[PDB]
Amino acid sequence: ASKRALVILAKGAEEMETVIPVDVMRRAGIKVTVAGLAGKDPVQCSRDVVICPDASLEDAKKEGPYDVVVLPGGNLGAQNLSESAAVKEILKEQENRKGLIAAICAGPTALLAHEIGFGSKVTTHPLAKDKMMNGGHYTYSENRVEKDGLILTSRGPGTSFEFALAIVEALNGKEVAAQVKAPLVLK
């Protein structure tokens, strides 16, 4: 049976960090739900790209649980994720059930906000390090992608393909990740 991904899309999300994982995961045969934090309406991303979510978060939650919950970055998107009681509940449920959580750029700071995966080795965007490390709840890494058990983190738009393919490898295996990678013309 196919694996399922929930991508939580908030105003101010980094659109590259949203679209790259959604696209790459669909290439891998993952069933991806782009879920709007604020409802069903189109979402204005950080660089003004407007994306129409597949569903509201409220609705997508009802079709859970998911094999991965994906948190894009963007400072303002991550703040919105960080402030959301609905995200808190989703992430706590996912952690509790030992499901994967993946977050990129400023996205990992939402893990801090919601007290998720304390003790993990994580990375973030370099500019988000101090926020992530407030209280020393995680151990910091400069790896482009960091995976510490069920906590998978990455750094920025330029690591989005690696992040996405790490998600694919985690859910569908190395061979599928390699197959999906080759047509992308990655360096």
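Throughout, we count residues from 1 along the sequence that is shown.
Q: Tell me which stretch has the larger mean Cα B-factor in this entry, 118-126 or 50-58.
A: Result of the comparison: 50-58.
Q: Do the C-alpha atoms of 35-43 or of 22-30 have the higher average B factor in the entry?
A: Mean CA B-factor is higher for 35-43.
Q: Where does the C-alpha B-factor of residue 156 rank in its chain, lowest, middle or highest third?
A: For residue 156, whose C-alpha B-factor we compare with every modelled residue in the chain, the answer is the lowest third.
Q: Pull the Cα B-factor of residue 99 out of the PDB entry and bin it into the chain's lowest, middle or highest third.
A: Its C-alpha B-factor, which the entry lists for residue 99, ranks in the highest third among residues of this chain.
Q: Taking the entry's C-alpha B-factors for this chain, is residue 80 in the lowest, middle or highest third?
A: Tercile = middle for this residue's CA B-factor.
Q: Considering every modelled residue of the chain and its Cα B-factor in the PDB entry, is residue 146 in the lowest, middle or highest third?
A: Tercile = middle for this residue's CA B-factor.
Q: Can you work out whether the C-alpha temperature factor of residue 1 puts it in the lowest, middle or highest third of the chain?
A: Within its chain, residue 1 is a highest-third residue by C-alpha B-factor, going by the deposited values.
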